[PDB]
Amino acid sequence: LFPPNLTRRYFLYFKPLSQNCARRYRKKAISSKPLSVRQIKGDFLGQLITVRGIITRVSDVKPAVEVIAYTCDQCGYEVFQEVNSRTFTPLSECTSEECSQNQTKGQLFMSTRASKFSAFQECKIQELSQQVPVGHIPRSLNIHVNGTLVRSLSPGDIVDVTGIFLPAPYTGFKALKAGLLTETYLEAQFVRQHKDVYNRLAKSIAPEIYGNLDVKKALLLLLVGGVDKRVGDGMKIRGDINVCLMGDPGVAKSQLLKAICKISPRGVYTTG
Amino acid sequence: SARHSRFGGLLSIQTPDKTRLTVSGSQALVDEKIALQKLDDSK
Amino acid sequence: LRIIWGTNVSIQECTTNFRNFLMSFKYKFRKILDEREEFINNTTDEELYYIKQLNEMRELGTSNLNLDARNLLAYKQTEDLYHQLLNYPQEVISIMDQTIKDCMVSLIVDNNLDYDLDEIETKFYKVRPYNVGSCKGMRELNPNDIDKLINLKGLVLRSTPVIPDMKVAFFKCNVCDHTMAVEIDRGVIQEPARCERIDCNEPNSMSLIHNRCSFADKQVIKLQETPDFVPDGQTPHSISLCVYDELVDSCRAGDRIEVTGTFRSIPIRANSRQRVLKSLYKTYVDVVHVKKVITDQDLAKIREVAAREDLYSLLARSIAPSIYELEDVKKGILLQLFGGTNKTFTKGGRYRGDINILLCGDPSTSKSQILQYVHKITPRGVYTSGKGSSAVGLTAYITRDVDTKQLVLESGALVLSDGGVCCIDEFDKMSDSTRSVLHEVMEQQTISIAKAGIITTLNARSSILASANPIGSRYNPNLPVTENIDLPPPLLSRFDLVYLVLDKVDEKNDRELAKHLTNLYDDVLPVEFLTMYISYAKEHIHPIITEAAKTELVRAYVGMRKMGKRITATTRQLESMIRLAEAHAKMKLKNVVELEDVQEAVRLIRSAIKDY
Amino acid sequence: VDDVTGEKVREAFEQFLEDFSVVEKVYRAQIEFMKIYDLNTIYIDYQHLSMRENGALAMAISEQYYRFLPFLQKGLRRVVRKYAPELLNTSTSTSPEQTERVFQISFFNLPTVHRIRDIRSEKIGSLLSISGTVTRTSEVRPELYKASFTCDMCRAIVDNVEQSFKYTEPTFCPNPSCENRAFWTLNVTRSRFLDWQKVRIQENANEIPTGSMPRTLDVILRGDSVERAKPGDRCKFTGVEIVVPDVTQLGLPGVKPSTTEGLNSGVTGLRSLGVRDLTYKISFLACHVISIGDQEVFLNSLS
DNA sequence: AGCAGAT
DNA sequence: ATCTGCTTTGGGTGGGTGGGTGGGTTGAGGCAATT
Ligand SMILES: Nc1ncnc2c1ncn2[C@@H]1O[C@H](COP(=O)(O)OP(=O)(O)OP(=O)(O)O)[C@@H](O)[C@H]1O
Ligand SMILES: Nc1ncnc2c1ncn2[C@@H]1O[C@H](COP(=O)(O)OP(=O)(O)OP(=O)(O)O)[C@@H](O)[C@H]1O
Ligand SMILES: [Mg+2]
Ligand SMILES: [Mg+2]
Ligand SMILES: [Zn+2]
Ligand SMILES: [Zn+2]
Ligand SMILES: [Zn+2]
């Protein structure tokens, strides 16, 4: 009566073959072996592979239609259509047995309340700096996330995405024009994310320079930034301690900035 | 209908026999003569 | 039998349930539900609530009824109705609207009132539910919520112009001139294949008269989430809304609003030629409710404060409580806020009633504080810093609308301060063109722009309260004010008062200031009362000069001239004195200028001429 | 089928234009004045309309101006025929080209004036006044008003083809023997054109809520009301609020059809619109414009 | 390939 | 009901007598005004 996908309330994913388990049983694990975007070639299409990189863009979640439910304004029946492509052509005429037998021309109309939607999200994965060859520029690869895997990727994370490498055929005229070149993407299936007190703290702020106790103490005071800012009379005294380093070139200014900016949780490093 | 055309209220009227027909429109959601009039007019 | 599609809940039971809820319901049920029964009174809680709300609506002629969801949970009958509203908002809202209309007509029918029934029959009635559950997040909207009532808190970002949405189509024949209106269903016109007239049954002779159809108001808004909802600090996401009928233009850009609507989703066509649709569905919110987050008694209170003997120092202290020991500056600023009388003259030019004050001195002292306070108090005004890209801009400038790709004339800060105080924080660093437009404003009180094919003049009747800093690290008393200020003599000659607030190092003064500052870690007035008082006086009172005031003004000006050959005072000081006296009269709410007003004005002007 | 309401509204209009006075007749004189100087627009004070007929006639025109406007033009022509028969024809040798004047009715002095931000869709097709500061003005172009075609095969002629918002051609030749239905050629000699200018206005600065971008609108002028608005002026237009369809979708000869994130979906299902939708815009049709902001010749001007 | 038109 | 026929995406394998208020957006080079 209705497609099997309509009543499904679960999503199925494949966890790759772990390296340790493959070595235990004397086998090679292609799925769990990491690859760069460069190594993912055209002969890997249709396989279960893993990619290593940093995510550079994640789109907003949105509903992608799997099964469309229509209704007949005359027959009182409901039709179901399956969509497995970027585009589709909606039904406009009833195909129910009653309509055909009676010949009544009842228009079919869409109903979003009865259809089936799956959360959709599109991401982008870029090569790491250490993976690009000499005198080359990094490349990027699209990723599709469906079901309960959404919101598991954010820009800036270094991840080992495991997915199915598939093409994305064009449709209609664009397919005719495009020739035999094909776009590709990855169907995400599994994601692995990568990882006397004053004097002591000051000396530990940056051990690779020659000690500057006063500067380090002031920088720690900046970092903590303790303040009671509750004037409540219209405005309040500024609640941050600002520090400026000014020195002739040769002293560790940039190193101090880099260290103090890495330590802080919200540190942002910029150049004038 | 007080609401706009795209509000999207759907109906299910029960015939004397156990079959359900589908009508669209708030007026149908409220009334039955309007539902039958729309049924006739939609032919 | 009528049943909602896909469910097993009758419409008739829903209608009767909500009718019973409306005709009989009391706030005491809500109070007991929220565990506040001990606060129940004996008159308001025991009286019918929504019946009173319907009666008042009929009296005022309005139609929209603001409904709170919890009240449905308060009544035993309507728990299922509340859940259905939260799960099938469209049909439930429809039956609610019809029940409201039916009970409205039934009230008049039963109470045999003299009110006209035809007028009631003509009205479309509506309900606007709100507070339908804990507000969710824009990032937490999954496909499970499609066609379900949700609550969103976000910051408005833009709003498109009103869109005409079609309700009823209008068709006319080309051989019989017969017209009939056909309703619309989900954006499809059921246009006829032939006239409904038996005599003229000609087929395919229908035309759409676009201007005789019926249209409804639609508008598309863009919403962005609140700062506190951002988990790490990334770019906030954006969701699109749709508002119909009386909610159109219900919120302006930059407002914080809480919106209740149905999370809907619509297919997108691949191209404007075929019927192919993209598999990805686009979401939006169909809004049903939006919330944003003088009286005789006020007049009597204003008279009571006005009659106070110590009114002047009271207002001066209340202007900027946190500042310490700047009585003269506060008094001058208080006079500036009220503003002198404005004169409309025949056989003569216009004479400005504004007061321009320059707050110049060392950087240590408090000067931006006073400008911020004045901005807060002023009923109209802007805050700006010269050579500041953040500020809107001091002069009207022609630009191109990025959203619509059109040319629009945008008024600058000075024009937007019309009738108010425009505080310019950094007067020292200003472009020469900016200093030219400022001269034109303070002189002619208008800004003229004649570029991009447009020749227009904009009123800029705004006061100015600027601040200045010395060229170096401190003010040198030996040199004159002009050399330190780094402003043209033509420019600093136009301010009615010039205040030299200097941080001379004194043991006592530093002691007092430090004590005040550390302690921060004589009644005063709330800012709202001050602004309402200022607006009332500025809108209603118009003091006039008298013979005694005329004598004192002439005598004071002559005395201030005779002090000097060096020219101690000029005719500018006379205009400053008359304006200050008028402002002082305004502050007392007096309609006349007495000897005391002119005397106060001279004391401030003479002191201002003094250290300056 | 005649429009019974339309005919009666015309009859009341004629009575207004013959018996009104304030004690001499006002509009009777103006028609005479128009006859001497050879003008086209006839100006009517809205306030003058309210007093007569207990105010009933004023409401009918104001509420539904698009519907009743053609009947008003019929009413004026009759009153023009009784007292100034020569005026109807447009103004050494016998001139052959004396067509029929294309009159315009201008109204002013409405009780209220609306802001741009207060324009809604409930007033479409009604008469009202608005105020805004002009920002751009187009160039005067000839607008087709009463097209005249000729059949390509039998050389027949079709005259007075009312034009909608898009180019329109006849669908049925008046020659019984002819079979042409969709083949015509325009005849610009017999066609009547009207002047046409597009003016863009935006709300006044003082009416803008603080820190809000301005609203805008597009006004269309015709006839003698052209070039009466210069950019930067603060004008007060009086016309009829209309809705203009997207003519590209409706199907034009030689044209291929084709803020809101895709939510601006139009209405569909029309015969001309095969699978496309028709979207609409709010516009204006002004009939009156007011801008808020040699010895012998000079002497004659003075009273 | 979907939709717009003539026999 | 069947047969006949045009046009996309967006892009230079349509163009500049269709333009840039129909979108394709960085890079370089010349000119006035600002300095
Ligand atoms: N005390 C120190 N101990 C070790 N290395 C130091 C020390 N002071 C400076 N250096 C070295 O000096 C080199 C230059 O320092 P850095 O780039 O941080 O600052 P800078 O040269 O003064 O800055 P700028 O780029 O603004 O001219 C760095 O390699 C840093 O390692
Ligand atoms: N009554 C007061 N007298 C003097 N200084 C004060 C007083 N109250 C506050 N201050 C100081 O003034 C500061 C606010 O003034 P602000 O910093 O804007 O000075 P300014 O002279 O207007 O300008 P600049 O930014 O160049 O210093 C407060 O942070 C406090 O340090
Ligand atoms: Mg450095
Ligand atoms: Mg300051
Ligand atoms: Zn059917
Ligand atoms: Zn007909
Ligand atoms: Zn013919």
# chains A, B, ... in the order shown; residues from 1 in each chain; ligands from 1
>>> residues_near_ligand(ligand="ligand 7", cutoff="10 Å", atoms="only C-alpha atoms (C1' of nucleotides) and all ligand atoms", output="number ranges by chain")
D: 150-158, 172-184
>>> residues_near_ligand(ligand="ligand 3", cutoff="12 Å", atoms="only C-alpha atoms (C1' of nucleotides) and all ligand atoms", output="list in words")
residues 245, 246, 247, 248, 249, 250, 251, 252, 253, 254, 255, 256, 257, 258, 270, 271 and 272 of chain A
>>> write_last_selection(atoms="N, CA, C and O atoms", output="compact mmCIF listing (two decimals), in the first residue's frame")
# COMPACT_ATOMS: atom_id res chain seq x y z
N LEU A 245 51.74 46.60 25.72
CA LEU A 245 53.18 46.36 25.68
C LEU A 245 53.79 47.20 24.57
O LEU A 245 53.38 47.09 23.41
N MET A 246 54.76 48.03 24.93
CA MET A 246 55.47 48.87 23.97
C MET A 246 56.96 48.71 24.22
O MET A 246 57.44 48.98 25.32
N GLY A 247 57.69 48.27 23.20
CA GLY A 247 59.11 48.05 23.35
C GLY A 247 59.81 48.09 22.01
O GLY A 247 59.20 47.85 20.96
N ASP A 248 61.11 48.38 22.04
CA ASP A 248 61.92 48.41 20.80
C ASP A 248 61.97 46.99 20.25
O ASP A 248 61.94 46.05 21.05
N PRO A 249 62.06 46.79 18.92
CA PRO A 249 62.04 45.47 18.34
C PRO A 249 63.19 44.62 18.88
O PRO A 249 64.27 45.16 18.96
N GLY A 250 62.94 43.35 19.20
CA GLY A 250 63.93 42.45 19.75
C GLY A 250 63.45 41.73 20.99
O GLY A 250 63.87 40.61 21.27
N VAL A 251 62.57 42.39 21.75
CA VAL A 251 62.00 41.74 22.93
C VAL A 251 60.81 40.88 22.51
O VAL A 251 60.19 41.07 21.46
N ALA A 252 60.48 39.91 23.36
CA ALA A 252 59.43 38.93 23.06
C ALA A 252 58.06 39.56 23.29
O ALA A 252 57.39 39.36 24.31
N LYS A 253 57.63 40.36 22.30
CA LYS A 253 56.27 40.89 22.31
C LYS A 253 55.31 39.93 21.62
O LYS A 253 54.26 39.58 22.17
N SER A 254 55.66 39.49 20.41
CA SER A 254 54.79 38.59 19.67
C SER A 254 54.64 37.26 20.39
O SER A 254 53.55 36.68 20.42
N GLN A 255 55.72 36.74 20.97
CA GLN A 255 55.64 35.48 21.71
C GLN A 255 54.73 35.63 22.93
O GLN A 255 53.91 34.74 23.20
N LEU A 256 54.87 36.73 23.67
CA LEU A 256 53.99 36.96 24.80
C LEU A 256 52.54 37.04 24.36
O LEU A 256 51.66 36.46 25.00
N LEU A 257 52.28 37.75 23.26
CA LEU A 257 50.91 37.85 22.76
C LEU A 257 50.37 36.48 22.40
O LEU A 257 49.25 36.12 22.78
N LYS A 258 51.16 35.68 21.67
CA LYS A 258 50.69 34.37 21.24
C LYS A 258 50.39 33.48 22.44
O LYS A 258 49.36 32.80 22.48
N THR A 270 45.12 39.06 16.22
CA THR A 270 45.00 39.84 14.99
C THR A 270 46.26 40.67 14.80
O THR A 270 47.06 40.84 15.72
N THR A 271 46.43 41.18 13.59
CA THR A 271 47.54 42.05 13.25
C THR A 271 46.98 43.35 12.68
O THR A 271 46.03 43.35 11.90
N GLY A 272 47.58 44.47 13.09
CA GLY A 272 47.14 45.77 12.64
C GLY A 272 47.27 45.96 11.15
O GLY A 272 46.33 45.72 10.39
>>> residues_near_ligand(ligand="ligand 4", cutoff="12 Å", atoms="only C-alpha atoms (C1' of nucleotides) and all ligand atoms", output="PyMOL selection string")
chain C and resi 359-372+385+424-428+466-470
>>> closest_atom_pairs(of="chain A", to="chain F", cutoff="9 Å", atoms="only C-alpha atoms (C1' of nucleotides)", output="tab-separated table")
residue	atom	partner	partner_atom	distance
A:172	CA	F:9	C1'	8.5
A:173	CA	F:9	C1'	6.5
A:174	CA	F:9	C1'	5.4
A:177	CA	F:9	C1'	8.8
>>> residues_near_ligand(ligand="ligand 6", cutoff="10 Å", atoms="only C-alpha atoms (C1' of nucleotides) and all ligand atoms", output="count of residues only")
22
>>> interface_residues(of="chain E", to="chain C", cutoff="12 Å", atoms="only C-alpha atoms (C1' of nucleotides)", output="PyMOL selection string")
chain E and resi 1-4
>>> closest_residue(among="A:67, A:4, A:170, A:12", to="residue A:182", atoms="only C-alpha atoms")
A:170
>>> interface_residues(of="chain D", to="chain F", cutoff="12 Å", atoms="only C-alpha atoms (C1' of nucleotides)", output="PyMOL selection string")
chain D and resi 248+254-258
>>> write_last_selection(atoms="N, CA and C atoms", output="compact mmCIF listing (two decimals), in the first residue's frame")
# COMPACT_ATOMS: atom_id res chain seq x y z
N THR D 248 5.27 40.29 -17.55
CA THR D 248 6.11 39.30 -18.21
C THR D 248 5.44 37.93 -18.21
N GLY D 254 7.38 38.77 -27.97
CA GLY D 254 8.82 38.93 -28.03
C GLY D 254 9.51 39.05 -26.69
N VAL D 255 8.83 38.74 -25.59
CA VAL D 255 9.41 38.82 -24.25
C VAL D 255 9.29 37.45 -23.60
N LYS D 256 10.40 36.97 -23.03
CA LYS D 256 10.42 35.69 -22.33
C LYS D 256 10.21 35.93 -20.84
N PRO D 257 9.16 35.38 -20.22
CA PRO D 257 8.91 35.68 -18.80
C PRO D 257 10.11 35.34 -17.93
N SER D 258 10.36 36.20 -16.95
CA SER D 258 11.46 36.01 -16.01
C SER D 258 12.79 35.84 -16.75
>>> residues_near_ligand(ligand="ligand 5", cutoff="6 Å", atoms="only C-alpha atoms (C1' of nucleotides) and all ligand atoms", output="MDAnalysis selection string")
chainID A and resid 72 74:75 77 94 96 99 106
>>> decode(residues="stretch 4-30 of chain F", atoms="N, CA, C and O atoms (P, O5', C5', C4', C3', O3' and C1' of nucleotides)", output="CSV table (one decimal), in the first residue's frame")
chain,number,residue,atom,x,y,z
F,4,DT,P,4.7,14.5,-36.4
F,4,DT,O5',4.9,16.0,-35.9
F,4,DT,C5',4.0,17.0,-36.4
F,4,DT,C4',4.5,18.4,-36.0
F,4,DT,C3',6.1,18.6,-35.9
F,4,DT,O3',6.5,19.8,-36.5
F,4,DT,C1',5.1,19.2,-33.8
F,5,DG,P,8.0,20.2,-36.5
F,5,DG,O5',8.1,21.2,-35.2
F,5,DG,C5',7.2,22.2,-35.0
F,5,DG,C4',7.6,23.1,-33.8
F,5,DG,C3',9.1,23.2,-33.6
F,5,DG,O3',9.4,24.5,-33.2
F,5,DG,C1',8.1,22.3,-31.7
F,6,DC,P,11.0,25.0,-33.1
F,6,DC,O5',11.1,25.7,-31.6
F,6,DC,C5',10.1,26.6,-31.2
F,6,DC,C4',10.4,27.2,-29.9
F,6,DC,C3',11.9,27.4,-29.6
F,6,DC,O3',12.1,28.5,-28.7
F,6,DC,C1',11.1,25.7,-28.2
F,7,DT,P,13.5,29.1,-28.4
F,7,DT,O5',13.8,28.7,-26.9
F,7,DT,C5',12.8,29.0,-25.9
F,7,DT,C4',13.2,28.4,-24.6
F,7,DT,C3',14.7,28.5,-24.3
F,7,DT,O3',14.9,28.7,-22.9
F,7,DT,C1',13.9,26.2,-24.3
F,8,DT,P,15.5,30.1,-22.4
F,8,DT,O5',17.1,29.9,-22.4
F,8,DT,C5',17.6,28.7,-22.0
F,8,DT,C4',17.2,28.4,-20.5
F,8,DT,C3',18.3,27.8,-19.6
F,8,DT,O3',18.1,28.3,-18.3
F,8,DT,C1',16.6,26.1,-20.1
F,9,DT,P,18.7,29.7,-17.8
F,9,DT,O5',19.4,29.4,-16.4
F,9,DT,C5',18.6,28.8,-15.4
F,9,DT,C4',19.0,27.3,-15.2
F,9,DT,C3',20.3,27.1,-14.5
F,9,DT,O3',20.1,27.1,-13.1
F,9,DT,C1',20.0,25.6,-16.4
F,10,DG,P,21.4,27.4,-12.1
F,10,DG,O5',21.7,28.9,-12.4
F,10,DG,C5',23.0,29.4,-12.7
F,10,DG,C4',23.4,29.1,-14.1
F,10,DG,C3',24.7,29.8,-14.5
F,10,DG,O3',25.8,28.9,-14.3
F,10,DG,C1',23.0,30.1,-16.2
F,11,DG,P,27.3,29.4,-14.2
F,11,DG,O5',27.7,29.7,-15.7
F,11,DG,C5',27.7,28.7,-16.7
F,11,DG,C4',27.6,29.3,-18.1
F,11,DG,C3',28.9,30.0,-18.6
F,11,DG,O3',29.7,29.1,-19.4
F,11,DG,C1',26.9,31.2,-19.2
F,12,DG,P,31.2,29.5,-19.8
F,12,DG,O5',31.1,31.0,-20.3
F,12,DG,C5',32.1,31.5,-21.2
F,12,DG,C4',31.6,31.4,-22.6
F,12,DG,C3',32.5,32.2,-23.6
F,12,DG,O3',32.5,31.6,-24.9
F,12,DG,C1',30.4,33.3,-23.2
F,13,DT,P,31.1,31.5,-25.8
F,13,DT,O5',31.6,30.7,-27.1
F,13,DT,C5',31.6,29.3,-27.1
F,13,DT,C4',30.4,28.8,-27.9
F,13,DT,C3',29.1,28.6,-27.2
F,13,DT,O3',28.0,29.2,-27.8
F,13,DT,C1',29.7,26.6,-28.3
F,14,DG,P,26.6,29.3,-27.1
F,14,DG,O5',25.8,30.4,-28.0
F,14,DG,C5',26.3,31.8,-28.1
F,14,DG,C4',25.4,32.6,-28.9
F,14,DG,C3',25.5,34.1,-28.7
F,14,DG,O3',26.2,34.7,-29.8
F,14,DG,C1',23.3,33.4,-28.1
F,15,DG,P,27.8,34.9,-29.8
F,15,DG,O5',28.1,35.7,-28.5
F,15,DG,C5',28.2,37.1,-28.6
F,15,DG,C4',26.8,37.7,-28.9
F,15,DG,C3',26.7,39.2,-28.5
F,15,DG,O3',27.1,40.0,-29.7
F,15,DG,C1',24.8,38.0,-27.7
F,16,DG,P,28.4,40.9,-29.6
F,16,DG,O5',28.0,42.2,-30.6
F,16,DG,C5',28.0,43.5,-30.1
F,16,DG,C4',26.7,43.9,-29.5
F,16,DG,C3',26.6,45.3,-28.9
F,16,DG,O3',25.4,46.0,-29.4
F,16,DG,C1',25.8,43.7,-27.4
F,17,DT,P,25.2,47.6,-29.2
F,17,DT,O5',23.7,47.8,-29.4
F,17,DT,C5',23.1,47.8,-30.7
F,17,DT,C4',21.6,47.6,-30.7
F,17,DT,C3',21.2,46.1,-30.8
F,17,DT,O3',20.9,45.6,-29.5
F,17,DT,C1',19.8,47.6,-32.2
F,18,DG,P,21.0,44.0,-29.3
F,18,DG,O5',20.2,43.8,-27.9
F,18,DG,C5',18.8,43.9,-27.9
F,18,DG,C4',18.3,45.0,-27.0
F,18,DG,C3',19.4,45.6,-26.1
F,18,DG,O3',19.7,46.9,-26.7
F,18,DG,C1',17.8,44.6,-24.7
F,19,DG,P,20.3,48.1,-25.7
F,19,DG,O5',21.2,47.3,-24.7
F,19,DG,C5',21.8,48.0,-23.6
F,19,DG,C4',20.8,48.1,-22.5
F,19,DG,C3',21.3,48.6,-21.1
F,19,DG,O3',20.4,49.6,-20.5
F,19,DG,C1',20.5,46.4,-20.9
F,20,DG,P,21.0,50.5,-19.3
F,20,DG,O5',21.1,49.5,-18.1
F,20,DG,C5',21.9,49.7,-16.9
F,20,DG,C4',21.6,48.8,-15.8
F,20,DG,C3',22.6,48.9,-14.6
F,20,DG,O3',22.0,48.6,-13.4
F,20,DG,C1',22.7,46.7,-15.7
F,21,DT,P,21.2,49.7,-12.6
F,21,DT,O5',19.8,49.1,-12.2
F,21,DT,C5',19.8,47.8,-11.5
F,21,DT,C4',18.3,47.3,-11.4
F,21,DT,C3',17.5,47.5,-12.7
F,21,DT,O3',17.0,46.2,-13.1
F,21,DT,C1',16.3,48.4,-10.9
F,22,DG,P,16.8,45.8,-14.7
F,22,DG,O5',16.8,44.2,-14.7
F,22,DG,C5',15.8,43.5,-13.9
F,22,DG,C4',16.4,42.1,-13.5
F,22,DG,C3',17.8,42.1,-12.9
F,22,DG,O3',17.7,41.8,-11.5
F,22,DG,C1',17.5,40.4,-14.6
F,23,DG,P,18.9,42.2,-10.5
F,23,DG,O5',19.9,40.9,-10.7
F,23,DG,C5',21.2,40.9,-10.2
F,23,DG,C4',21.7,39.5,-10.0
F,23,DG,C3',23.2,39.4,-10.2
F,23,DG,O3',23.9,39.5,-8.9
F,23,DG,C1',22.1,37.8,-11.6
F,24,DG,P,25.5,39.5,-8.8
F,24,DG,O5',25.9,38.2,-9.6
F,24,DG,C5',27.3,37.9,-9.9
F,24,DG,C4',27.4,36.6,-10.7
F,24,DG,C3',28.7,36.6,-11.6
F,24,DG,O3',29.8,36.0,-10.9
F,24,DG,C1',26.7,36.0,-12.8
F,25,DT,P,30.9,37.0,-10.3
F,25,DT,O5',30.2,37.8,-9.2
F,25,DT,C5',30.6,37.7,-7.8
F,25,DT,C4',32.0,38.2,-7.7
F,25,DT,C3',32.3,39.0,-6.4
F,25,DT,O3',33.6,38.9,-6.1
F,25,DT,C1',32.3,40.4,-8.3
F,26,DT,P,34.1,38.9,-4.6
F,26,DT,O5',35.7,38.7,-4.6
F,26,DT,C5',36.6,39.7,-5.0
F,26,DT,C4',37.6,39.3,-6.0
F,26,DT,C3',38.9,40.1,-6.0
F,26,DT,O3',40.0,39.3,-6.4
F,26,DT,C1',37.7,40.6,-7.9
F,27,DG,P,41.5,39.6,-5.9
F,27,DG,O5',42.3,39.8,-7.3
F,27,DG,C5',41.7,40.0,-8.5
F,27,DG,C4',42.6,40.7,-9.5
F,27,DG,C3',43.5,41.8,-8.9
F,27,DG,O3',44.7,41.9,-9.7
F,27,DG,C1',41.8,42.7,-10.4
F,28,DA,P,45.8,43.1,-9.3
F,28,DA,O5',45.7,44.0,-10.6
F,28,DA,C5',45.8,43.5,-11.9
F,28,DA,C4',45.6,44.5,-13.0
F,28,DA,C3',46.5,45.8,-12.8
F,28,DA,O3',46.9,46.2,-14.1
F,28,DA,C1',44.2,46.4,-12.7
F,29,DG,P,48.0,47.3,-14.2
F,29,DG,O5',47.3,48.6,-14.8
F,29,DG,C5',46.4,48.5,-15.9
F,29,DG,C4',45.7,49.8,-16.2
F,29,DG,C3',46.5,51.0,-16.0
F,29,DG,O3',46.2,52.0,-17.0
F,29,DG,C1',44.6,51.1,-14.5
F,30,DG,P,47.1,53.3,-17.0
F,30,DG,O5',46.0,54.5,-17.1
F,30,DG,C5',44.9,54.4,-18.0
F,30,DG,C4',43.8,55.4,-17.6
F,30,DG,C3',44.3,56.8,-17.3
F,30,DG,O3',43.4,57.8,-17.8
F,30,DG,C1',43.3,56.0,-15.4
